[PDB]
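Structure, as structure tokens:
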Protein chains: 16
Amino acid sequence: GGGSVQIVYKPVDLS
Amino acid sequence: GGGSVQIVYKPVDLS
Amino acid sequence: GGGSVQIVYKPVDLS
Amino acid sequence: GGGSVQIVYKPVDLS
Amino acid sequence: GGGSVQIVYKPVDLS
Amino acid sequence: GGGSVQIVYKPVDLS
Amino acid sequence: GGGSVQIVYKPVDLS
Amino acid sequence: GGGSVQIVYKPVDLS
Amino acid sequence: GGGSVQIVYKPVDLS
Amino acid sequence: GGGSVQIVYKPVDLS
Amino acid sequence: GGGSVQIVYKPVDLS
Amino acid sequence: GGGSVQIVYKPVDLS
Amino acid sequence: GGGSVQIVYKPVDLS
Amino acid sequence: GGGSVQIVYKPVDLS
Amino acid sequence: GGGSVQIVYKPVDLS
Amino acid sequence: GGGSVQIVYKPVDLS
């Protein structure tokens with residue numbers, strides 16, 4: 001098994 | 001198995 | 001097997 | 001097992 | 001603008 | 001604008 | 001098990 | 001601009 | 001178990 | 001501008 | 001068990 | 001500009 | 001400029 | 001236990 | 001410029 | 001200039 005990449009991406013735009 | 005990429009992408013737009 | 005890409009994409013638009 | 005990369009990315013834009 | 005995800009995925013099988 | 005996902009996917013099979 | 005990299009990344013832009 | 005994720009993913013399977 | 005790298009990265013931009 | 005994440009991921013599987 | 005590296009990185013830009 | 005994260009990830013599996 | 005994080009991650013699994 | 005490294009890094013840039 | 005973090009992480013697993 | 005942090009991390013697991 002060649003490993004793992006996990007990404008949680010949650011940009012928030014205000015005003 | 002050549003590895004793995006997982007992405008959770010949840011942009012939120014407010015006002 | 002050449003690995004894997006998994007994406008969950010859930011944009012939310014508010015007000 | 002080829003290790004693991006985990007990223008939480010939450011940019012915030014204000015005013 | 002809720003950001004961007006860009007992915008280049010080029011699996012190679014040899015021999 | 002709910003962001004953007006862009007993927008370039010080019011698997012190669014040799015020999 | 002080849003270890004682990006964990007990143008929490010939260011840039012803040014104000015005014 | 002809500003930031004950016006860029007990924008280059010090039011798994012190689014040999015012999 | 002090949003150890004562990006943990007990073008908290010929170011850059012802040014003012015004025 | 002909410003920063004940037006760049007990843008180069010190149011697992012190699014041998015014998 | 002190969003230990004641990006923990007980093008808290010919080011650069012501040014003013015004026 | 002909210003900084004930058006760069007990762008080079010190259011797991012190797014042998015025998 | 002909000003600084004920089006650079007990581008080179010190369011786990012090696014043998015025998 | 002292979003020990004521990006902990007780093008708190010907070011550069012502040014003024015004028 | 002808010003400084004810099006550079007990490008070279010190379011865990012090795014034997015026998 | 002906000003300085004620099006450089007880390008070389010090479011844990012070795014045997015028997």
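In the structure tokens, chains take letters A, B, ... by order of appearance, with residues numbered from 1 within each chain and ligands from 1 in the order shown.
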Residues of chain B that approach chain D to 10 Å or less, counting only C-alpha atoms: could you list each one with the shortest pair of atoms and its distance in Å to one decimal, rows by chain and increasing residue number, as CSV?
residue,atom,partner,partner_atom,distance
B:2,CA,D:2,CA,10.0
B:3,CA,D:2,CA,8.1
B:4,CA,D:4,CA,9.7
B:5,CA,D:5,CA,9.5
B:6,CA,D:6,CA,9.6
B:7,CA,D:7,CA,9.5
B:8,CA,D:8,CA,9.6
B:9,CA,D:9,CA,9.7
B:10,CA,D:10,CA,9.8
B:11,CA,D:10,CA,9.3
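Of the residues in chain L, those given strand (DSSP E or B) by DSSP on the backbone are residues 5, 6, 7, 8, 9, 12, 13 and 14 of chain L.
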